[PDB]
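# My complex, part one, positions kept as in the full thing:
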Amino acid sequence: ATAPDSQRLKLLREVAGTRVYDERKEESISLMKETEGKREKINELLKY
């Protein structure tokens, strides 16, 4: 009860079952951005 609201928001959000989706999406964003850089490199080499 004397917990700050954010803790209960996290608790109910977990109760909804929406944690794994969140974690995997944020993890995937970094890797995809790195692929974006790679694609830039690819286009450079193609022009050469």
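Nice, I can see it. Numbers count the residues shown, from 1 in each chain, chains lettered A, B, ... in the order given.
# Please report the distance of residue A:34 from residue A:43.
Counting by C-beta to C-beta, to the nearest Å, the gap between residue A:34 and residue A:43 amounts to 15 Å. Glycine gets a C-beta too; all of them are placed from N, C-alpha and C.
# quick one: the biggest helix by length in chain A to chain centroid distance?
Assignment by DSSP state H gives helix A:20-47 as the longest helix of chain A. Going by C-alpha atoms, centre = their mean, to the nearest Å, the spacing between the C-alpha centre of helix A:20-47 and its chain's C-alpha centre is 12 Å.
# Which elements pack onto it?
Counting contacts by 3 or more C-beta pairs under 8 Å, 6 or more residues apart in numbering; DSSP states H and E, helix A:20-47 is packed against no other helix or strand.
# buried ones in it?
Neighbour-count burial for helix A:20-47, counted by 16 or more other C-beta atoms under 10 Å, picks out no residue.
# next one is chain B, place it on the structure:
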Amino acid sequence: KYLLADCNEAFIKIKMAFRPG
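Below is chain B, added to the chains above:
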């Protein structure tokens, strides 16, 4: 990644030449 690797390999390939002088 595989495509990038293949492109880099290709670019290393094409740089050969044979000028017998």
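# again for what packs on helix A:20-47, since chain B is there now?
Under the contact criterion of 3 or more C-beta pairs under 8 Å, 6 or more residues apart in numbering or on different chains; DSSP states H and E, the helices and strands touching helix A:20-47 comprise helix B:2-14.
# what does chain B put close to chain A?
Remark: the part of chain B in contact with chain A comprises B:1, B:3, B:4, B:7, B:8, B:11, using C-beta under 8 Å from any C-beta of the partner chain.
# Buried ones among the residues you listed?
When neighbours are counted using 16 or more other C-beta atoms under 10 Å in any protein chain shown, these contain these buried positions: residue B:7.
# Give me the nearest residue to residue B:8, chain neighbours excluded.
If the residues on either side of it in the chain are set aside, residue B:8 comes closest to residue A:45, at 6.6 Å by C-beta to C-beta, 6 or more residues apart in numbering or on different chains.
# and the one you found, what does it touch?
Residue A:45 makes contacts with B:4, B:7, B:8, B:11, as judged by C-beta atoms under 8 Å, 6 or more residues apart in numbering or on different chains.
# For the last one, list the residues it contacts.
To tie it back to what came earlier, the one meant is residue B:11. Contacts for residue B:11 were tallied using C-beta under 8 Å, 6+ apart; they are A:45, A:48.
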